[PDB]
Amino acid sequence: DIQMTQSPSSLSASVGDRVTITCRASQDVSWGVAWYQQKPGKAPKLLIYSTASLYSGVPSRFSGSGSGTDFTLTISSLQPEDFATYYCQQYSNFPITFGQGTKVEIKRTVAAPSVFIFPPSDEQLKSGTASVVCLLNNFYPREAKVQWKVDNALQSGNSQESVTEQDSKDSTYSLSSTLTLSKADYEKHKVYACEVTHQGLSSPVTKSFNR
């Protein structure tokens, strides 16, 4: 089973820029390499087949080159609709194998997160559970720390982050962090605070509430 080591894991570059994805084989696959573009929640699309040959209907800004073991996908000028993960494939040797893919994320001007904090609903705590939600809205880049504070004491191992993909219009990520704990644990403490840190912020920004 021929390994197809793809580099890097992920990348970012501005609209119009030039980026090259590289894919290395565990052994010679000759000229039997293809490149696929997958948008989130959609089937992969063929771009390059047979190392260098461009599939009909693909913009000429997409080209590929190879050297038996080392293969490069290259895109000259990034257009809008290139918010995609890119997979290399070898189809000369069975079983057919894919690279782990490279996610390419369109760069913009840095944007600070607009922070918000939602306390546990009135109806959720009837079933004896409480979810303290903290929204981080439309920020770039994705890198962002969210600290959960309860009576000025740092929480650990009772909150889960979940990040959206880059926005259709403005290429900004948003993040939801969900502090979860019992009615028994919730009714004990008074203050609930969400501390956020980003390259768009001068210092940590805290949003807060009291029961």
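For every residue, the number given is its place in the sequence shown, counted from 1.
> Comparing 31-39 with 152-160, which has the greater mean CA B-factor as deposited?
Replying inline: The stretch with the larger average C-alpha B-factor is 152-160.
>> Mean CA temperature factor from the deposited coordinates, higher in 92-100 or in 69-77?
In response: Stretch with the higher mean C-alpha B-factor: 69-77.
> Among the chain's modelled residues, which third holds the C-alpha B-factor of residue 176?
Replying inline: Lowest third, going by the recorded CA B-factors of the chain.
>> Ranking every modelled residue in this chain by its Cα temperature factor as given in the entry, which third contains residue 84?
In response: CA B-factor rank for residue 84: middle third.
>> Using only modelled residues of the chain, where does the Cα B factor of residue 109 rank: lowest third, middle third or highest third?
In response: Tercile = highest for this residue's CA B-factor.
> For residue 125, does the deposited CA B-factor place it in the lowest, middle or highest third of the chain?
Replying inline: Its C-alpha B-factor, which the entry lists for residue 125, ranks in the highest third among residues of this chain.
> Based on the entry's values, in what third of the chain does the Cα temperature factor of residue 49 lie: lowest, middle or highest?
Replying inline: Lowest third of the chain for residue 49's C-alpha B-factor.
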